[PDB]
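Student: got a structure for you, letters missing:
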Ligand SMILES: N[C@@H](CCC(=O)O)C(=O)O
Ligand SMILES: [Zn+2]
Ligand SMILES: [Zn+2]
């Protein structure tokens, strides 16, 4: 009866409260998705339990075993009843799980250390001094793996063979790499996360160029779940009322430190 929510520790969507050790259950977390989960649950009339995805991944299907990992996997195999996180709506995922209409719009973008002589994806593709990569088991990596677009095709050709690996396990790892590489590493990540980090000390990174694509994050449920319909209506109601915009301002800019 209590709905099991799978989510991921990704700032500012879900973060551990400073005093989480003295708190219980859902109260241990804070963030955009924590606030949204409470609202979705309230509007859909269900009790829930926030759980962090075991493998800390978003969701990809292994080409060899064909098994789904990450939050998608937890939904596919029945470990969670719903995923409320910055989970990108994609065709391959839509084929195995259901997604609500987008609660956030975004696109792949470029994050550089301030001062890096890069202004676009084309710029990155035409040079070799500056390395660049993406997150693992995510929609961004898949975007490049599948792109038939010349520029992105070139970029994938480079990234998949670059040594040492230009891929990272978590967004935080990618951000740290940019900050410590003296401008020799640029990170490809969704505009949402890029924009957030841009407003965080040490204020040494910035988003450059236009988004490479346009898509959205959706609340996901197991294929054919009974919660799907209500969850989708709730997302639309909250967006139409202005809550989603308020929540983004709250976690991105209201407490911006740059
Ligand atoms: N939002 C992405 C993860 C982040 C990324 O791939 O850049 C996903 O659902 O896979
Ligand atoms: Zn802790
Ligand atoms: Zn409400």
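Tutor: Here it is on my side, so go on. Numbering: from 1, shown residues only. Ligands and ions are numbered 1, 2, ... in the order given.

Student: check contacts around the closest residue to ligand 1 within the stretch 1-150 of the chain.
Tutor: Ligand 1 sits closest to residue 138 of the stretch 1-150 of the chain, with a gap of 2.4 Å, by C-beta to the nearest ligand atom. Backbone N, C-alpha and C define where each C-beta goes, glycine included. Contacts for residue 138 (C-beta atoms under 8 Å, 6 or more residues apart in numbering) come out as 57-58, 60, 88.

Student: among those, who's most crowded?
Tutor: The most crowded member of the contacts of residue 138, judged by other C-beta atoms under 10 Å, is residue 58 (26 neighbours).

Student: In this structure that one contacts residue 137, no?
Tutor: Yes: judged on C-beta atoms under 8 Å, residue 58 makes contact with residue 137 at a distance of 5.9 Å.

Student: Now for these two: what residues contact both?
Tutor: Common contacts of residue 58 and residue 137 (C-beta under 8 Å, 6+ apart): residue 70.

Student: List, one by one, the residues from the stretch 151-258 of the chain near ligand 1.
Tutor: Proximity of the stretch 151-258 of the chain to ligand 1 (C-beta under 6 Å from any ligand atom) is limited to residues 189-190.

Student: which residues in the stretch 151-258 of the chain form strands?
Tutor: Secondary structure of the stretch 151-258 of the chain (DSSP state E, counting those that start in this stretch): strands located at 185-190, 205-208, 215-217, 220-222.

Student: I'd like these as JSON lines, with mean neighbour count appended.
Tutor: Formatted as JSON lines, the strands of the stretch 151-258 of the chain follow (neighbours: other C-beta atoms under 10 Å):
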{"stretch": "strand 185-190", "mean neighbour count": "26"}
{"stretch": "strand 205-208", "mean neighbour count": "18"}
{"stretch": "strand 215-217", "mean neighbour count": "19"}
{"stretch": "strand 220-222", "mean neighbour count": "25"}
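
Student: Dump the ones you listed to JSON lines, plus distance to residue 235.
Tutor: Formatted as JSON lines, the strands of the stretch 151-258 of the chain follow (distance: least, C-beta to C-beta, whole Å):
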{"stretch": "strand 185-190", "distance to residue 235": "18"}
{"stretch": "strand 205-208", "distance to residue 235": "26"}
{"stretch": "strand 215-217", "distance to residue 235": "10"}
{"stretch": "strand 220-222", "distance to residue 235": "11"}
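
Student: Identify whichever of those lies nearest to residue 41.
Tutor: For residue 41, the closest of the strands of the stretch 151-258 of the chain is strand 220-222, at 13.1 Å, according to C-beta to C-beta.

Student: quick revisit: and the furthest pair within the contacts of residue 138?
Tutor: The span of these, defined through C-beta to C-beta, is set by 57 and 88 at 12.7 Å.

Student: residue nearest the centroid of the protein?
Tutor: Among the residues of the chain, the one closest to the centroid is residue 86, at 4.1 Å (C-alpha atoms, centre = their mean).

Student: for that one, phi and psi?
Tutor: For residue 86, the backbone dihedrals (degrees, to the nearest 10) come out as phi -80, psi 70.

Student: Contacts only, for it.
Tutor: Contacts of residue 86 by C-beta under 8 Å, 6+ apart are 8, 10, 13, 33, 104, 190, 192-193, 217.

Student: got a winner among these for most neighbours?
Tutor: Of all the contacts of residue 86, residue 33 has the most neighbours under the rule other C-beta under 10 Å, reaching 30 neighbours.

Student: Settle this for me: that residue is touching residue 7, isn't it.
Tutor: Yes: the pair residue 33 / residue 7 is scored as a contact, 5.7 Å apart, by C-beta under 8 Å.

Student: Alright, calling it a day.
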